[PDB]
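A structural walkthrough
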Amino acid sequence: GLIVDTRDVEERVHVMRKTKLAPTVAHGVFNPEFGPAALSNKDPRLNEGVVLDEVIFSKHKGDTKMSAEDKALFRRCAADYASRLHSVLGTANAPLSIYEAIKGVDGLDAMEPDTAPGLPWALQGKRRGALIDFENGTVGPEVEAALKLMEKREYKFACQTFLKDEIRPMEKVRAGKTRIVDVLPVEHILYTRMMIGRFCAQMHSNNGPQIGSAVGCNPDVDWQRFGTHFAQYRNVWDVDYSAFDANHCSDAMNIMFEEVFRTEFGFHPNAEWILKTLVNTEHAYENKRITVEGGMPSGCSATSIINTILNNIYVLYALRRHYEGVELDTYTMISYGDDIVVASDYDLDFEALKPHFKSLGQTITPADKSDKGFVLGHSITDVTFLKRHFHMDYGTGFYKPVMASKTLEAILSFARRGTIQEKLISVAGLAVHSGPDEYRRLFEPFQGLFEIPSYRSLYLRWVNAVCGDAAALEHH
RNA sequence: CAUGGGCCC
RNA sequence: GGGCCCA
Ligand SMILES: O=c1ccn([C@@H]2O[C@H](COP(=O)(O)OP(=O)(O)OP(=O)(O)O)[C@@H](O)[C@H]2O)c(=O)[nH]1
Ligand SMILES: [Mg+2]
Ligand SMILES: [Mg+2]
């Protein structure tokens, strides 16, 4: 992203709330190199010299500009994908009624009833509870006012910045690498779902290598479907982006919308518009009013869908900018936002692709830094998608999401107040794939003070998930 | 603590 | 109507 006119005003929205993640009985047992990212400008852990209001906005290195040469290529790559995509999802992308946009549709969860209302909804001390009724499916006064405004391309707004209170690595938390969230007005999210909600709903229920999207999947069951796929390709790459969602160049974003959400595909005219209102965003941090021209807001509806689409276009635009005669079937991939997994028989050289992604403002890097460079010969059982690996379950011979033990430990070391028991159960369905032994150790610190489900009770549950008949015919 | 999926209720 | 994980 690129800043242009940083300034100050009056109102000072505070979000540096004291961390709400308290150590658990397991913490002192695992001593994870992780901890809640410093949310205060003057946090003890912070290094003597590093600033908060500084590092946080140090993700905007500018907005890479493109040439008429590159633009044309990206647009074509975005057109080819758009064609390939809609040739599956169909052309049924008509707008959704104010009702549908709320209560959601088949393949699209409803809107959050108790979340950040946005702005000025925040300064007016009024939350969604005093703006829209998520039960009958209708908006209130303030909201509808915007609808008639957004339906006329005259809706201005500002994004509210938040300091995500999460568990990050000490090295990152120490350097003050606290991730920030960009909250947009609730009406903006409501209209977005109206313009391209039918799309996302179809995008979700069709996740896979084909449309190259993993949005709307469940690792516990789809890992078997994804595994087999990338299991039959000469090479597999575990690419890594640096501030992916914050480096999308204005050119790429616009051209992407102009080619993917065309009315030609059954989309409502105001589909392209409502999406572009994300390029030049006006973030608001306390008394500051930073203006950015580029990147994607860390809180806009269908944020993952956009990233996934772009991520899909970049891989094409990249490979095509190096070779000639590259097609969407020249390689296979899938992604959920920035995290991506590519594969192909051709010994593609991603190393020589780095410069090409740079034209778009992205910086690709291998997830296996141990090699310091993109090498070949790697299979799917070597990469990691969504903090999950791809291991062959000795039991049912299926593929199962296996998170790193160190990652799980850090997860079982922190939690909100009076939410332990809950997390313990949720996370339990994640460690089951770490084998019986690990599942026991990981939950050892909570034995005698909480209810820990048996490794088997969760295992069977999983089997009946990956394949209901797998556990059924297991009796015959 | 937003966006979205998924899971746990 | 909560919580959790990934993004
Ligand atoms: O609060 C949040 C949570 C998630 N996200 C978004 O979700 C995605 C998850 O991505 P990452 O945030 O995982 O990569 P990183 O910055 O840790 O990169 P390096 O330090 O290693 O270079 C990012 O690409 C980010 O845009 C936010 O912007 N804010
Ligand atoms: Mg990354
Ligand atoms: Mg990865």
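Residues numbered from 1 in each chain as written, not as in the entry; some residues may be left out. Chains lettered and ligands numbered in written order. Heavy atoms only, no water. Residues with missing side-chain atoms left out of burial classes, pairs and counts.

A few points about the overall build of chain A
- Looking only at helices and strands, chain A has 17 helices and 17 strands in total.
- The C-alpha radius of gyration computed for chain A amounts to 23 Å, which stays within 12% of the reference 23 Å derived for 476 residues, consistent with globular compactness.
- Taken along its principal axes, the extent of the C-alpha atoms in chain A is 60 × 55 × 50 Å.
- A separation threshold of at least 6 residues defines the contact pool for chain A, and within that pool the share at least 24 residues apart is 76%. (Helix = DSSP H or I, 4+ residues; strand = E, 2+ residues; numbered from the N terminus. Rg over C-alpha atoms; globule rule 2.2 N^0.38 Å. Contact = heavy atoms within 4.5 Å.)

Some words on the environment of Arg 225
- Within the secondary structure layout, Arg 225 lies in helix α8 (residues 219-230).
- Overall, the relative accessible area of 36% leaves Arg 225 in the partly exposed class.
- Taking C-alpha positions, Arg 225 is 24 Å from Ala 302, a pair spaced 77 residues apart along the chain.
- A distance of 2.7 Å separates a polar atom in the side chain of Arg 225 from a polar atom in the side chain of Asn 207. (Buried < 20%, exposed > 50% of the residue type's maximum accessible area, 1.4 Å probe, protein only. Polar contact = N/O pair within 3.5 Å; in protein donor to acceptor, adjacent residues only side chain to side chain.)

Let's talk about helix α3 (residues 68-89)
- Counted at 1.5 Å a residue, the expected span for α3 with its 22 residues is 32 Å, and the 31 Å between its end C-alpha atoms agrees.
- Within α3, burial applies to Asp 70, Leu 73, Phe 74, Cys 77, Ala 78, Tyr 81, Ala 82, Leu 85, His 86 and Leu 89.
- As for α3, its buried residues are in contact with α7 (186-204), α9 (250-260) and α11 (303-320).
- Two residues or fewer past α3, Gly 90 is found with a positive phi of approximately 85°. (Expected span 1.5 Å × (residues − 1).)

Observations regarding the protein's contact with RNA strand C
- The environment of RNA strand C is made up of 18 residues, and the closest members are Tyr 336, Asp 338, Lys 387, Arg 416 and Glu 422.
- A share of 85% is what sugar and phosphate atoms reach among the atoms of RNA strand C within 4 Å of the protein.
- One of the side-chain N or O atoms of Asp 338 is found 2.3 Å from a sugar or linking oxygen in RNA strand C.
- Contact distances for RNA strand C include 3.1 Å between a sugar or linking oxygen and a side-chain N or O atom of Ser 426.
- With five residues, the single largest contributor to the surface near RNA strand C is helix α14 (residues 420-431).
- Class assignment of the residues belonging to the surface near RNA strand C gives a composition of six nonpolar, three polar and nine charged. (Near = heavy atom within 4 Å. Nonpolar A, V, L, I, M, F, W, Y, C, P; charged D, E, K, R; others polar.)

Some words on the environment of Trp 223
- Mapped onto the elements, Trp 223 comes out in helix α8.
- Classification of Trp 223 as buried rests on a relative accessible area of 0%.
- Each C-alpha atom of the pair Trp 223 and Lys 400 lies 5.9 Å from the other, and the pair is 177 residues apart in sequence.
- For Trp 223, the residues in contact, after removing those within four places along its chain, are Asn 218, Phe 385, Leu 386, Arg 388, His 389, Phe 390, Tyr 399, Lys 400 and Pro 401.

Considering the site of ligand 1
- What surrounds ligand 1 is the set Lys 164, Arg 168, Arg 179, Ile 180, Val 181, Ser 242, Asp 245, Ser 298 and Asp 338.
- Between an oxygen atom of ligand 1 and a side-chain N or O atom of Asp 338, the distance comes to 3.3 Å.
- For ligand 1, whose free accessible area comes to 630 Å², the fraction covered by protein is 60%.
- Split into classes, the residues belonging to the shell around ligand 1 amount to two nonpolar, two polar and five charged.
- The residue makeup of the shell around ligand 1 includes at least three contributed by each of domain 1 (1-207 + 249-302) and domain 2 (208-248 + 303-403). (Areas by Shrake-Rupley, 256 points an atom, 1.4 Å probe, with all protein chains shown as cover. Domains from an automatic or database assignment.)

A short note on the domain arrangement of chain A
- Domains assigned within chain A are domain 1 (1-207 + 249-302), domain 2 (208-248 + 303-403) and domain 3 (404-476).
- Domain 1 puts 16 residues into the contact, and the matching count from domain 3 is 14 residues.
- On the domain 1 side of the interface with domain 3, the three residues burying the most area are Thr 24, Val 25 and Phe 30, jointly 41% of the side's total.
- Seen at the junction of domain 1 and domain 3, the total is one salt bridge.
- Between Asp 165 and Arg 416 there is a salt bridge, and its shortest N-O distance comes to 2.8 Å.
- If you look at where domain 1 meets domain 3, you find four residue pairs in polar contact.
- Within the residue set of the side of domain 1 that touches domain 3, elements represented by two or more residues are β1 (22-23), α1 (27-30) and β2 (34-36).
- Its residues assigned to classes, the side of domain 1 that touches domain 3 shows eleven nonpolar, three polar and two charged. (Buried area = accessible area lost by both parts, 1.4 Å probe. Salt bridge = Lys/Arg side-chain N within 4 Å of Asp/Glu carboxyl O.)

Regarding the environment of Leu 424
- Tracing the backbone through its elements, the reader meets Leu 424 in helix α14.
- Along the chain, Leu 424 and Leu 412 lie twelve residues apart, while their C-alpha atoms are 7.4 Å from each other.
- Excluding anything up to four places from it in sequence, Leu 424 contacts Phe 443, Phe 446 and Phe 450.

Points about the pattern of salt bridges
- A complete count under the given rule lists 23 salt bridges for this structure.
- Note that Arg 179 and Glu 166 form a salt bridge whose closest N and O atoms lie 2.6 Å from each other. With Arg 179 in the loop between α6 (170-174) and β7 (180-183) and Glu 166 in the loop between β5 (159-163) and β6 (167-169), this residue pair connects regions lying 13 residues apart in the sequence.
- A relative accessible area of 42% means that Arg 179 is categorised as partly exposed.
- A salt bridge links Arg 225 to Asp 222; the nearest nitrogen and oxygen atoms lie 3.2 Å apart. With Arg 225 and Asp 222 both in helix α8 and three residues apart, this pair spans about one turn of that helix.
- Each of the salt bridges in this network shares a partner with another, and the network as a whole consists of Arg 75, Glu 258, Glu 259, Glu 272 and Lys 276.

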